[PDB]
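**Student:** Take a look at start.tsv, TSV, C-alpha atoms and all ligand atoms:
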chain	number	residue	atom	x	y	z
A	1	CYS	CA	14.22	-12.94	12.84
A	2	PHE	CA	13.01	-13.24	9.26
A	3	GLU	CA	9.37	-12.15	9.52
A	4	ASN	CA	7.71	-15.01	7.54
A	5	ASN	CA	4.49	-13.03	7.02
A	6	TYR	CA	1.95	-13.64	4.24
A	7	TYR	CA	1.96	-10.42	2.15
A	8	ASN	CA	-0.32	-9.77	-0.83
A	9	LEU	CA	0.05	-7.01	-3.43
A	10	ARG	CA	-2.87	-6.12	-5.70
A	11	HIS	CA	-4.67	-3.22	-7.32
A	12	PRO	CA	-7.28	-1.53	-5.13
A	13	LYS	CA	-11.00	-2.03	-5.59
A	14	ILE	CA	-13.85	0.20	-4.43
A	15	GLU	CA	-14.44	-2.01	-1.33
A	16	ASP	CA	-10.99	-0.97	-0.03
A	17	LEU	CA	-12.06	2.67	0.32
A	18	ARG	CA	-12.74	2.68	4.05
A	19	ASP	CA	-9.54	0.80	4.93
A	20	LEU	CA	-7.44	3.14	2.78
A	21	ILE	CA	-8.95	6.18	4.48
A	22	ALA	CA	-8.15	4.59	7.86
A	23	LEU	CA	-4.59	4.00	6.65
A	24	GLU	CA	-4.23	7.67	5.71
A	25	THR	CA	-5.19	8.74	9.24
A	26	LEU	CA	-2.67	6.42	10.89
A	27	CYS	CA	0.27	7.35	8.62
A	28	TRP	CA	-0.01	11.13	8.47
A	29	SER	CA	-0.85	14.04	10.72
A	30	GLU	CA	-4.12	15.88	9.99
A	31	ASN	CA	-2.19	18.58	8.06
A	32	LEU	CA	-0.69	16.08	5.64
A	33	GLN	CA	-3.59	13.68	4.97
A	34	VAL	CA	-5.33	13.78	1.59
A	35	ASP	CA	-9.11	13.86	1.80
A	36	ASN	CA	-11.59	11.03	1.31
A	37	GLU	CA	-12.47	12.20	-2.21
A	38	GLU	CA	-8.87	12.11	-3.44
A	39	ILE	CA	-8.51	8.51	-2.24
A	40	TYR	CA	-11.75	7.72	-4.06
A	41	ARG	CA	-10.53	9.40	-7.26
A	42	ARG	CA	-7.31	7.40	-7.21
A	43	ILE	CA	-9.01	4.01	-6.82
A	44	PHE	CA	-11.98	4.83	-9.07
A	45	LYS	CA	-10.47	6.69	-12.01
A	46	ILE	CA	-7.02	5.04	-12.06
A	47	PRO	CA	-6.98	1.63	-10.34
A	48	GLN	CA	-3.98	0.58	-12.56
A	49	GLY	CA	-1.65	3.10	-10.94
A	50	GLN	CA	-2.22	2.13	-7.31
A	51	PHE	CA	-1.16	-0.83	-5.15
A	52	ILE	CA	-2.53	-2.14	-1.87
A	53	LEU	CA	-0.40	-4.15	0.55
A	54	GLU	CA	-2.26	-6.72	2.64
A	55	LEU	CA	-1.15	-8.76	5.64
A	56	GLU	CA	-3.73	-11.51	6.17
A	57	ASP	CA	-7.10	-9.83	5.51
A	58	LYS	CA	-5.71	-6.45	6.66
A	59	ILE	CA	-4.54	-3.50	4.54
A	60	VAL	CA	-1.18	-2.39	5.94
A	61	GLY	CA	0.34	-0.42	3.07
A	62	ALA	CA	-0.39	1.49	-0.12
A	63	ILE	CA	1.44	3.23	-2.95
A	64	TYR	CA	-0.33	5.77	-5.16
A	65	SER	CA	0.38	7.33	-8.56
A	66	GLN	CA	-1.02	9.31	-11.51
A	67	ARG	CA	0.15	10.31	-15.00
A	68	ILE	CA	1.06	13.86	-16.05
A	69	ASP	CA	2.69	15.44	-19.14
A	70	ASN	CA	5.89	16.82	-17.56
A	71	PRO	CA	7.31	17.87	-14.17
A	72	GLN	CA	7.23	21.59	-15.10
A	73	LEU	CA	3.44	21.57	-14.57
A	74	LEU	CA	4.18	21.18	-10.83
A	75	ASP	CA	5.74	24.65	-10.55
A	76	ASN	CA	3.56	27.00	-8.45
A	77	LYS	CA	0.91	24.37	-7.71
A	78	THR	CA	-0.51	23.33	-4.36
A	79	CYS	CA	-1.11	19.65	-3.62
A	80	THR	CA	-4.89	20.07	-3.80
A	81	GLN	CA	-4.38	21.15	-7.43
A	82	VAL	CA	-2.28	18.16	-8.52
A	83	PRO	CA	-5.24	15.80	-9.14
A	84	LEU	CA	-6.23	18.20	-11.95
A	85	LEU	CA	-2.97	17.52	-13.80
A	86	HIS	CA	-3.79	13.89	-14.52
A	87	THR	CA	-4.00	12.81	-18.16
A	88	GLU	CA	-4.54	9.22	-19.37
A	89	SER	CA	-1.66	9.47	-21.87
A	90	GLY	CA	0.83	11.38	-19.68
A	91	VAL	CA	4.44	10.35	-20.32
A	92	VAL	CA	5.46	11.05	-16.70
A	93	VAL	CA	4.39	8.95	-13.72
A	94	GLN	CA	3.93	11.04	-10.61
A	95	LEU	CA	4.11	8.94	-7.48
A	96	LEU	CA	1.70	10.67	-5.12
A	97	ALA	CA	2.17	8.86	-1.80
A	98	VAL	CA	3.58	5.84	0.07
A	99	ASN	CA	1.75	4.58	3.15
A	100	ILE	CA	3.10	2.01	5.61
A	101	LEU	CA	1.29	1.33	8.88
A	102	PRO	CA	3.52	2.89	11.61
A	103	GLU	CA	3.74	-0.33	13.67
A	104	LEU	CA	5.11	-2.14	10.58
A	105	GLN	CA	7.66	0.49	9.55
A	106	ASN	CA	11.45	-0.08	9.55
A	107	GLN	CA	11.02	-3.67	8.31
A	108	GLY	CA	11.77	-3.12	4.62
A	109	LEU	CA	8.17	-2.62	3.47
A	110	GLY	CA	8.58	0.93	2.14
A	111	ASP	CA	11.68	-0.29	0.28
A	112	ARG	CA	10.02	-3.37	-1.26
A	113	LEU	CA	6.88	-1.44	-2.21
A	114	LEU	CA	8.76	1.40	-3.93
A	115	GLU	CA	11.03	-1.00	-5.88
A	116	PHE	CA	7.99	-2.83	-7.18
A	117	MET	CA	6.28	0.41	-8.20
A	118	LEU	CA	9.44	1.59	-10.03
A	119	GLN	CA	9.77	-1.66	-11.99
A	120	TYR	CA	6.03	-1.68	-12.63
A	121	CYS	CA	6.22	1.84	-14.12
A	122	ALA	CA	9.17	0.96	-16.34
A	123	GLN	CA	6.99	-1.63	-18.09
A	124	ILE	CA	4.05	0.74	-18.72
A	125	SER	CA	4.01	1.70	-22.41
A	126	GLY	CA	4.57	5.40	-23.16
A	127	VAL	CA	6.10	6.20	-19.77
A	128	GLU	CA	9.48	7.96	-20.01
A	129	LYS	CA	10.07	9.29	-16.49
A	130	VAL	CA	8.97	8.90	-12.84
A	131	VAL	CA	8.79	11.88	-10.46
A	132	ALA	CA	7.65	12.32	-6.86
A	133	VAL	CA	7.08	15.35	-4.71
A	134	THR	CA	8.32	14.49	-1.25
A	135	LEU	CA	8.97	16.38	2.01
A	136	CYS	CA	11.51	16.44	4.84
A	137	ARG	CA	10.96	14.97	8.35
A	138	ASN	CA	13.76	16.59	10.37
A	139	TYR	CA	14.06	20.16	9.05
A	140	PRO	CA	12.96	21.83	12.35
A	141	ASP	CA	16.27	20.50	13.75
A	142	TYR	CA	18.28	22.36	11.11
A	143	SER	CA	16.23	25.58	10.99
A	144	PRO	CA	17.05	28.30	10.15
A	145	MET	CA	19.50	26.68	7.73
A	146	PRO	CA	18.07	27.39	4.22
A	147	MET	CA	16.12	24.36	2.90
A	148	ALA	CA	17.81	24.60	-0.51
A	149	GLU	CA	21.06	23.72	1.29
A	150	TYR	CA	19.45	21.28	3.74
A	151	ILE	CA	18.06	18.98	1.02
A	152	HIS	CA	21.65	18.31	-0.21
A	153	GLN	CA	23.21	17.82	3.23
A	154	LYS	CA	24.95	14.42	3.26
A	155	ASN	CA	26.38	12.42	6.14
A	156	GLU	CA	29.36	10.09	6.33
A	157	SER	CA	28.81	7.82	4.06
A	158	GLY	CA	27.46	10.40	1.58
A	159	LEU	CA	23.78	9.63	2.18
A	160	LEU	CA	21.27	12.44	2.79
A	161	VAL	CA	20.71	13.46	6.45
A	162	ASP	CA	16.93	13.70	6.12
A	163	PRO	CA	15.46	10.18	6.40
A	164	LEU	CA	12.58	10.86	3.97
A	165	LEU	CA	15.00	12.11	1.27
A	166	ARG	CA	17.50	9.28	1.95
A	167	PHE	CA	14.65	6.86	1.30
A	168	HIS	CA	14.34	8.13	-2.26
A	169	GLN	CA	18.09	8.57	-2.68
A	170	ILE	CA	18.95	4.93	-1.98
A	171	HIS	CA	16.48	3.82	-4.67
A	172	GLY	CA	18.21	5.99	-7.27
A	173	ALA	CA	16.31	9.24	-6.86
A	174	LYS	CA	17.83	12.56	-7.92
A	175	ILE	CA	16.84	15.55	-5.74
A	176	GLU	CA	15.70	18.08	-8.34
A	177	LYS	CA	14.60	21.26	-6.50
A	178	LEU	CA	12.26	22.74	-3.92
A	179	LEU	CA	8.57	23.31	-4.58
A	180	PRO	CA	7.49	26.23	-2.34
A	181	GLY	CA	3.83	26.40	-1.39
A	182	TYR	CA	3.17	22.82	-2.52
A	183	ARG	CA	1.86	21.97	0.96
A	184	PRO	CA	0.24	25.13	2.42
A	185	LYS	CA	-0.60	23.47	5.78
A	186	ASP	CA	2.95	22.07	6.32
A	187	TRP	CA	4.53	24.72	8.58
A	188	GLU	CA	7.45	22.50	9.68
A	189	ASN	CA	8.63	22.46	6.07
A	190	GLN	CA	7.70	26.11	5.50
A	191	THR	CA	5.08	24.68	3.06
A	192	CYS	CA	7.88	23.45	0.75
A	193	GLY	CA	7.77	20.14	-1.15
A	194	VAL	CA	10.85	18.48	-2.66
A	195	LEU	CA	10.83	17.29	-6.27
A	196	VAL	CA	12.71	14.06	-6.96
A	197	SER	CA	13.05	12.08	-10.19
A	198	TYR	CA	13.92	8.53	-11.21
A	199	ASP	CA	15.83	7.50	-14.32
A	200	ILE	CA	13.98	4.42	-15.58
A	201	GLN	CA	15.83	3.90	-18.88
A	202	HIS	CA	17.78	0.89	-17.49
A	203	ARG	CA	14.95	-1.10	-15.83
B	301	LIG	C1	5.30	8.38	-3.83
B	301	LIG	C2	6.06	9.26	-2.91
B	301	LIG	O1	7.07	8.88	-2.36
B	301	LIG	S1	5.47	10.80	-2.65
B	301	LIG	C3	4.68	10.75	-1.08
B	301	LIG	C4	5.28	11.80	-0.16
B	301	LIG	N1	6.22	11.19	0.76
B	301	LIG	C5	7.26	10.47	0.34
B	301	LIG	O2	8.01	10.84	-0.55
B	301	LIG	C6	7.49	9.13	1.00
B	301	LIG	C7	7.54	9.31	2.51
B	301	LIG	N2	7.70	8.05	3.21
B	301	LIG	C8	8.91	7.57	3.48
B	301	LIG	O3	9.89	7.83	2.80
B	301	LIG	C9	9.06	6.69	4.70
B	301	LIG	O4	10.46	6.40	4.85
B	301	LIG	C10	8.22	5.41	4.63
B	301	LIG	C11	6.79	5.71	5.01
B	301	LIG	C12	8.25	4.79	3.24
B	301	LIG	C13	8.78	4.43	5.66
B	301	LIG	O5	8.41	3.10	5.34
B	301	LIG	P1	9.24	1.85	5.91
B	301	LIG	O6	8.48	0.60	5.52
B	301	LIG	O7	9.57	2.11	7.35
B	301	LIG	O8	10.58	1.95	5.02
B	301	LIG	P2	11.83	0.94	5.19
B	301	LIG	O9	11.61	0.07	6.40
B	301	LIG	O10	12.10	0.32	3.84
B	301	LIG	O11	13.05	1.95	5.50
B	301	LIG	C14	13.13	2.73	6.69
B	301	LIG	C15	14.46	2.50	7.42
B	301	LIG	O12	14.49	1.21	8.04
B	301	LIG	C16	15.61	0.46	7.55
B	301	LIG	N3	15.28	-0.99	7.51
B	301	LIG	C17	14.96	-1.75	6.44
B	301	LIG	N4	14.71	-3.04	6.81
B	301	LIG	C18	14.87	-3.11	8.15
B	301	LIG	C19	14.76	-4.16	9.20
B	301	LIG	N5	14.41	-5.43	8.88
B	301	LIG	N6	15.01	-3.80	10.49
B	301	LIG	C20	15.35	-2.54	10.83
B	301	LIG	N7	15.47	-1.54	9.93
B	301	LIG	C21	15.24	-1.76	8.60
B	301	LIG	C22	15.99	1.11	6.23
B	301	LIG	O13	17.37	0.89	5.89
B	301	LIG	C23	15.70	2.56	6.53
B	301	LIG	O14	16.78	3.03	7.33
B	301	LIG	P3	17.25	4.57	7.46
B	301	LIG	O15	16.03	5.31	7.97
B	301	LIG	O16	18.37	4.52	8.47
B	301	LIG	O17	17.70	4.90	6.05
Would you kindly transcribe this structure into structure tokens?
Ligand SMILES: CC(=O)SCCNC(=O)CCNC(=O)[C@H](O)C(C)(C)COP(=O)(O)OP(=O)(O)OC[C@H]1O[C@@H](n2cnc3c(N)ncnc32)[C@H](O)[C@@H]1OP(=O)(O)O

**Tutor:**
Amino acid sequence: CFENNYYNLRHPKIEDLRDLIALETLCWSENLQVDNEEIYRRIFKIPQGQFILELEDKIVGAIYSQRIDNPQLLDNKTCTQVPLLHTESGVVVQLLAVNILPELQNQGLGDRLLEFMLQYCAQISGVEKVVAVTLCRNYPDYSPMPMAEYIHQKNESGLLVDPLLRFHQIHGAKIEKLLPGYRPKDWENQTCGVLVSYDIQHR
């Protein structure tokens, strides 16, 4: 059936801190969670570049971003370094994370949330480009196939075999390259992140 659920989308406020930390725990393994302070930075320093999804009173989803000068600055950086790259006047929007409560996944929420973010970023003055550093979910199934080949592996159909990459693909993302050592604690992906970009010139 068609859900018919009352969803609200707004910028975070400081009061949302505890609920957003809770949301991080439920969506990601301990190795992939960002720490309490990074959540705080995002909602304190840059409320404009974040969105909270609420169902009733409850926070059920979040999408995070910051502004950087260019995607080259991401070469040879770990994820705990990226917060340092933020500049107020950065021409590139780096989407940092998308969080959907596991019980509410596979209902079109990720989709709707990302599309809104993309259109929201298009309308921000000065912004030329949107990039995200993602990761694979199913690589252990293809190991030891080289990841550089895995991230371009398409199915039938011509959509990417990895469901986390497909998610970006079907919203117009270009898979750019691998970012080795981006996530030190992510052994399933051999620490590698995946850089994707969005052409926003049409929106
Ligand atoms: C900003 C950044 O992206 S950087 C952060 C680092 N990580 C990332 O890059 C993002 C990682 N997260 C993801 O990509 C995940 O897919 C998530 C967390 C967004 C999943 O969120 P969801 O709300 O489940 O996404 P959504 O429901 O739109 O899509 C998931 C699948 O369900 C399908 N779906 C959509 N609506 C429905 C529905 N009503 N019923 C059943 N299935 C559905 C989609 O087609 C998709 O199918 P596929 O896996 O076969 O392609």

**Student:** Around ligand LIG 301 (chain B), out to 7 Å and counting only C-alpha atoms and all ligand atoms, which residues are there? I want them as an NGL selection string.

**Tutor:** :A and (63-65 or 95-100 or 104-112 or 132-135 or 163-168)

**Student:** For residue 131 of chain A, which of A:203, A:10, A:177, A:183 is the closest residue, counting only C-alpha atoms?

**Tutor:**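 Among the listed residues, the smallest separation from residue 131 of chain A belongs to A:177.
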
**Student:** Would you pick out the contacts of residue 92 of chain A at 12 Å or less, using only C-alpha atoms, so that residues sharing its chain but fewer than 6 positions from it are not included, and give the list as a PyMOL selection string?

**Tutor:** chain A and resi 65-74+85-86+121-122+124-132+197-200

**Student:** How many Å lie between atom CA of residue 196 of chain A and atom CA of residue 151 of chain A, rounded to one decimal?

**Tutor:**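 These atoms are spaced 10.8 Å apart.
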
**Student:** Counting all atoms listed in the file, which of A:146, A:181, A:140, A:49 gets nearest to residue 193 of chain A?

**Tutor:**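 Counting all atoms listed in the file, the residue closest to residue 193 of chain A is A:181.
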
**Student:** For a quick check of understanding, using only C-alpha atoms, which of A:19, A:3, A:57, A:141 has the smallest distance to residue 189 of chain A?

**Tutor:**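 Looking only at the distances to residue 189 of chain A, the closest residue turns out to be A:141.
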
**Student:** Between atom CA of residue 118 of chain A and atom CA of residue 13 of chain A, what is the distance in Å, rounded to a tenth?

**Tutor:**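 About the pair atom CA of residue 118 of chain A and atom CA of residue 13 of chain A: they are 21.2 Å apart.
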